[PDB]
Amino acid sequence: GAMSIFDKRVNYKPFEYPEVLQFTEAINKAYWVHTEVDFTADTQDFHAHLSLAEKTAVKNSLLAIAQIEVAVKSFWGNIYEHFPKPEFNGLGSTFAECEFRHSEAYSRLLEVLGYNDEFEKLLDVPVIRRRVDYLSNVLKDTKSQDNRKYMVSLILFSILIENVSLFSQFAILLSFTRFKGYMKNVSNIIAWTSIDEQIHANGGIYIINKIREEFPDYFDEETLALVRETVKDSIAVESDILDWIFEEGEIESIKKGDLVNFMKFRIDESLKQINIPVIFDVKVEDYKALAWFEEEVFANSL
């Protein structure tokens, strides 16, 4: 059979998948650590200027982010086990190192704002448990030796972990800087993280599309239906998380309904990129509510 992404190549170069360097180069240019940032102004703003509803939203957003980011994340560091090419060990290790810079950043934020205790007991929160049990279950095949099962796990990983499960919280936190001028340093971290995650998702999409090019029959009706139904179930889970984030009431800078449409639009954009039929078909008026997101990310990255 013809050489494929699953087959070992021994020689370093030429790369069979040279576009890998577009993603590693993007990470290189965006390289950042949290020690570059002082949160004294943000802590003061948090305690002195934010309402109870705003304090709760900020706290629960960061706790939700940390549930994903403050962890040992082995996926990217292991893609070479499935795609045994020098360039994918490179891509994998590059993204793996990023995740440690992320875990350290969000661990510091938890320390600085005084939420280590609440983070430690976060599995007491039922909506978090459901997200964990959802994510555990649907991403079970990230360690499968079966390449078809693994491909599906990569689709879901790229959609859920690198996008759906984070970006609503990123949006919430950036909204405080955009509309109220608060949490500027926290928003620095959030903006840099969102840039990295977008690169991670885009790298995932790249790999998925290469597998599709090489093995079109992996993308049969049964597999497409599994992905779509699994992705649908994320909405319920993440929508309940927003109810918990806003458990002390709605806030001025951002609204839940717009965040739900934001999530749905981002899902559909990812599905189109991998030739899977859209699920939600969000109307322009609805997803434009948070169209400021990209602009604000760019602003707080500088």
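All residue numbers refer to positions in the sequence shown, first residue = 1.
Undergrad: Do the C-alpha atoms of 127 to 135 or of 191 to 199 have the higher average B factor in the entry?
TA: Mean B over CA atoms: larger for 127 to 135.
Undergrad: So 95 to 103 or 136 to 144, which one's hotter by mean CA B-factor in the entry?
TA: Comparing averages over the C-alpha atoms only gives 136 to 144.
Undergrad: Just grab whichever of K73, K210, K85, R178 has the top CA B-factor as deposited.
TA: Of the options given, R178 has the highest CA B-factor in the PDB entry.
Undergrad: Highest Cα B-factor in the PDB entry belongs to which of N89, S153, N116, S168?
TA: Top of the list by C-alpha B-factor: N116.
Undergrad: Going by the entry, which third of its chain does the Cα temperature factor of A41 land in?
TA: Within its chain, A41 is a highest-third residue by C-alpha B-factor, going by the deposited values.
Undergrad: Would you mind checking where the Cα B-factor of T56 ranks among the modelled residues of its chain, as the lowest, middle or highest third?
TA: Middle third, going by the recorded CA B-factors of the chain.
Undergrad: Thinking about Cα B factors across the chain, which third does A289 belong to?
TA: According to the entry, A289 has a C-alpha B-factor in the chain's highest third.
Undergrad: Split the chain's modelled residues into thirds by Cα B-factor; is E69 in the lowest, middle or highest one?
TA: Its C-alpha B-factor belongs to the lowest third of this chain's values.
Undergrad: By its CA B factor, does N163 count among the lowest, middle or highest third of the modelled residues in the chain?
TA: Highest third.
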